[PDB]
Structure formats: C-alpha cells, structure tokens
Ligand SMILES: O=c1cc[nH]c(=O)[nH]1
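What follows is one chain in structure tokens, specifically the form deposited without the named molecule.
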C-alpha cells in the first residue's frame, strides 16, 4: 500500500508532515517490496505493519528506542521494534534479554507478555533503522533505501521544540547519533540486546532509568515503563 497511497493515508498526521522529504523514497520502498514478491522472496513484517511505529502521534514522542531491523522469524515482527503479539511465546531471545535488563534496572516483575504497545501509547517511538527483512536472514534489507526514511524521522523529531532522549541499541542504530547533536537531544548508546552482543554492554546499562533521569533534567515527564 506504500507504493499506492500517500503518507497522509499511511501514517499519523504529525508523522505525514515529518516524513514529507522522504515521500518519494517511501513510495520507492513500496516498489522494492513489490519486486521481492514478484521474484518469489518474502518480507516481514506484514505490509500493513511496516510503518506502524509512525501511526502513534509524532507530537507525543519523548523517547525513541532504535534497533537494527525486524525479527527474522515468521510470526514475530509486528512493525514496533522488539514488540511481539500478546499471544507469542516463548519470547524471542533479544526480548527476553530486554526484559531481564528491565527487571534489573526498574525492580518491576517480568511482563505478562511480549507486547510493547503500552510504550508506543506513552510517547516511546519503537523504530528499527531498517523497516523490513527477508525471513531467516537478519540485515538482508540493509542498504536497500530504508536508512534515508529512518534518518528523516530522527532529524524531524530532533528539530521539534521539545526534549528528546534516543536509546540506540547496536551499530546500525548508532549511525543516527550525528543527527542528535542539537542541545534539546541526548543519546544513550549500548551494544544490541541480541545474545551475540548483549554481554558486551547491554546487561547493566540501565537504559530505562537513565532515559527518565535525562527527561526529568530537561523538564519533561518521565516514561511510565511499567508493563502489565
């Protein structure tokens, strides 16, 4: 549908204005995914979930979390970075690692399920640097045109007259650091929660509590991170 329908239809009003400079690029990504299907290759998440992160209000974002690309296993990715549908179990190992750090950092019990929508509904943008992947092949759509879209999104948030905290998980997420240089923006960076990288600095990084300290310091309301 992103080949065929305008941003005014695909995403929330604030996001449609914020992504105007990449309107043509988004249509192009629509044609890229159409070509993958034509060729008999698959993508995740489902087409109608690809831009889901931009369907919550642009004006309400206080924190963004940025990962690499969507979950590679069919049935996991839903268009919100690291989120899974409420009926998914077991949790993907990166999300089990996030929830371990979440309990260590904040003292809360393990969430009931893998659904991060409460965060999306409380001013957290759940972004992946790249918004599609081929099943079972991490980073398979790196450098196919999404990066200009996620760069435009971060630049737009940063230009708002509002505080912003960015939590940047892993190397592809960290390439947005330069666009956050302005005085109303602060970036937290750590290795990715994936089992391959988590032991190099994700565990003990306290991203949730540090994000709230940074917000309070800038005169913003902290995120209520508590999942049911």
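Rigid core (definition): largest C-alpha set, two forms, superposition within 1.5 Å. Numbering follows the first chain given and starts at 1.
S.K.: After fitting on the rigid core, which stretch moves more in 9 other deposited structures of this protein, 47-55 or 180-188, going by C-alpha RMS?
M.R.: When 47-55 and 180-188 are compared in 9 other deposited structures of this protein, 180-188 lies farther out.
S.K.: C-alpha RMS from this form in 9 other deposited structures of this protein, rigid core superposed: larger for 201-209 or 16-24?
M.R.: Checking 201-209 against 16-24 in 9 other deposited structures of this protein, I find the farther stretch is 201-209.
S.K.: Using only C-alpha atoms and the B-factors in the entry, which stretch averages higher, 181-189 or 168-176?
M.R.: It is 181-189 that shows the higher mean C-alpha B-factor.
S.K.: Of 84-92 and 131-139, which one has the bigger average CA B-factor?
M.R.: Averaging CA B-factors over each stretch, the winner is 84-92.
S.K.: What's the residue among 153, 77, 106, 124 with the greatest CA temperature factor in the PDB record?
M.R.: In this record, 106 carries the highest C-alpha B-factor of the candidates.
S.K.: Can you tell me which of 50, 162, 63, 29 has the maximum CA B-factor listed in the PDB entry?
M.R.: Within the set 50, 162, 63, 29, 162 shows the top C-alpha B-factor.
S.K.: When the deposited Cα B-factors of this chain's modelled residues are ordered and cut into thirds, is residue 57 in the lowest, the middle or the highest one?
M.R.: Middle third.
S.K.: Splitting the chain's C-alpha B-factors into thirds, which one does residue 46 fall into?
M.R.: Ranked within chain, residue 46 CA B lands in the middle tercile.
S.K.: Compared with the other modelled residues in the chain, in which third is the CA B-factor of residue 219?
M.R.: Highest third.
S.K.: Report the third (lowest, middle or highest) to which the CA temperature factor of residue 67 belongs, ranking only the modelled residues of the same chain.
M.R.: It falls in the bottom third of the chain.
S.K.: Among the modelled residues of its chain, does the C-alpha B-factor of residue 10 lie in the lowest, middle or highest third?
M.R.: It belongs to the highest third of the chain when residues are ordered by C-alpha B-factor.
Below, we turn to the form deposited with the named molecule bound, even though it does not appear here.
S.K.: Would residue 190 show up as a contact with the named molecule in the bound PDB entry if we use heavy atoms at 4.5 Å?
M.R.: No, no contact at 4.5 Å.
S.K.: Look up in the bound PDB entry whether residue 146 has a non-hydrogen atom within 4.5 angstroms of the named molecule, and give yes or no.
M.R.: No, no contact at 4.5 Å.
S.K.: Taking the named molecule as it sits in the bound PDB entry, is residue 71 in contact with it (heavy atom to heavy atom, 4.5 Å or less)?
M.R.: Yes.
S.K.: Does at least one non-hydrogen atom of residue 119 fall within 4.5 angstroms of the named molecule in the bound PDB entry?
M.R.: It does not: once the named molecule is placed as it appears in the bound PDB entry, residue 119 has no heavy atom within 4.5 Å of it.
S.K.: Of 60-68, 174-182, 156-164, 28-36, which is the one stretch near the named molecule in the bound PDB entry, taking non-hydrogen atoms within 4.5 angstroms as near?
M.R.: Comparing against the named molecule in the bound PDB entry, the contact stretch is 60-68.
S.K.: Going through 122-155 from first to last, which residues have a non-hydrogen atom within 4.5 Å of the named molecule in the bound PDB entry?
M.R.: Just 128.
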